[PDB]
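Just one chain is shown here, as structure tokens, and it is the form deposited in one PDB entry.
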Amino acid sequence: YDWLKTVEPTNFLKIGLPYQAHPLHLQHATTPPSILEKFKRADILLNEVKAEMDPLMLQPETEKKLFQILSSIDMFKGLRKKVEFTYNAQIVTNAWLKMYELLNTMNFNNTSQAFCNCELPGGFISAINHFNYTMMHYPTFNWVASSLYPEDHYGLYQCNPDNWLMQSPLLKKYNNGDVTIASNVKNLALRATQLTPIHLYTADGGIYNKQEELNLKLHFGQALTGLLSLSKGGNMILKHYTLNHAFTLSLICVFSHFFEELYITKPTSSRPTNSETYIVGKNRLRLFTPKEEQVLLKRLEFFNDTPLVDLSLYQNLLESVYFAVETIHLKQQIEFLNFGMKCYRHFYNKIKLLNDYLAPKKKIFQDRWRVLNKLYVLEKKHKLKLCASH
């Protein structure tokens, strides 16, 4: 009924974090500030709403109908193919859309000398290549990349060895691109810096109750690789999830010592029903000291989830991060999860009718996106060289 015909486009969610003027102190364990119980309450609540789907997953019939309902409520379903044909875009995965929305919204000072980590399909790379040649008009776009060795579904790794920094097992002798290994992280940055200035670092790494806890070491390494290679004034983009763990918040505290601007973003192209978030750092203020490099790389070498800094020294920032969690996860994500279950209860046996109801809105939402993130045809001379088809 009416609850389907009033659904409006979501908005790009962007929450500014304060930079910390105090000197960074990498910790060598401490008592948490009280605001961490607020974060723990948010993790319990979000997992409660996420748990509302467990009954349907037990029988393969209802599990199927659920993933169709979720498919049906994906308001951006047909957009990737529309963007690909109309504007000659390449590797138009959902990450392409997310990267393109980020570039059009965050107003970076430079997107020209890019290091994309945990990538493989050039969704982020292709989007930056597309954005640079059609919007920024850099004379040439030079980029390096890495990823855990396959997969390369579009032949971007195979057709551009010069640009990829990981190694196939034929060279086991050797950086396989695994950023959970401290030796690899330092090597990746070193090779990357051997691209002379690096202006844009991006990492889309990712592996439900413990999704953030299971990705902590991955997201730690993907951030360390950027912070070891991003030049001053450069920009950083990192894929994350719930950001409720104390280690995660301490990592954000580190970011906030090295960047002029720091934002927790949630693009509309990112599914409103998932916890995926993007930490955007702008205008790198300074580089690591040799000590900061050693402590942090050692924390990865022998990893445990003890906070990296004294969280009690970052109350302002932690309140802003909670406001992000509240806005992105506790409000938006929970509302859409609830919305998906309402659709399931009323349309599990009427998938076609729900798709009919929402087809007009899907065009409105996608037309809005294309109006907000303006696209232009990418000339063939600037297409990335690809080795495979789909």
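Just so we're on the same page, rigid core means the largest C-alpha set that superposes within 1.5 Å between forms. Numbers follow the displayed sequence, beginning with 1.
A.B. asks: What number of deposited residues lacks coordinates in the span between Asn107 and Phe108: none, 1 to 3, 4 to 9, or 10 or more?
C.D. replies: Going from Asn107 to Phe108, the model skips no residues of the deposited sequence.
A.B. asks: I'd like to know the size of any gap between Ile207 and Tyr208, counted in deposited residues with no coordinates: none, 1 to 3, 4 to 9, or 10 or more.
C.D. replies: Gap between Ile207 and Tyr208: 4 to 9 residues without coordinates.
A.B. asks: Per the PDB record, is the mean Cα temperature factor higher over 82-90 or over 164-172?
C.D. replies: Mean B over CA atoms: larger for 164-172.
A.B. asks: Tell me which of 126-134 and 183-191 has the higher mean C-alpha B-factor in the deposited entry.
C.D. replies: Mean B over CA atoms: larger for 183-191.
A.B. asks: Among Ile44, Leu36, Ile351, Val321, single out the one with the highest C-alpha B factor in the record, please.
C.D. replies: Of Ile44, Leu36, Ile351, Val321, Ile351 has the highest C-alpha B-factor.
A.B. asks: If you check the C-alpha B-factor for each of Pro272, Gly226, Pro197, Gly281 in the entry, which is highest?
C.D. replies: Answer, based on the entry's C-alpha B-factors: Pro197.
A.B. asks: Looking at the C-alpha B-factor of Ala21, is it in the lowest, middle or highest third of its chain?
C.D. replies: Top third by C-alpha B-factor.
A.B. asks: Thinking about Cα B factors across the chain, which third does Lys381 belong to?
C.D. replies: Its C-alpha B-factor belongs to the highest third of this chain's values.
A.B. asks: Per the entry's values, where does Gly340 land by CA temperature factor relative to the rest of its chain, in the lowest, middle or highest third?
C.D. replies: For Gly340, the deposited C-alpha B-factor lands in the lowest third.
A.B. asks: C-alpha B factor of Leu58, ranked within the chain: lowest, middle or highest third?
C.D. replies: For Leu58, the deposited C-alpha B-factor lands in the highest third.
A.B. asks: If you rank the chain by CA B-factor, which third does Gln158 end up in: lowest, middle or highest?
C.D. replies: Its C-alpha B-factor belongs to the highest third of this chain's values.
Below, we turn to the form deposited in another entry, even though it does not appear here.
A.B. asks: Of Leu36, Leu66, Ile334, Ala42, which is the single residue whose C-alpha shifts by 2 angstroms or more between this form and the one not shown after core superposition?
C.D. replies: It is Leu66; the other listed residues stay below 2 Å.
A.B. asks: Just checking, between this form and the one not shown and with the core aligned, does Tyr322 shift 2 Å or more at the CA?
C.D. replies: The answer is no; the displacement is under 2 Å.
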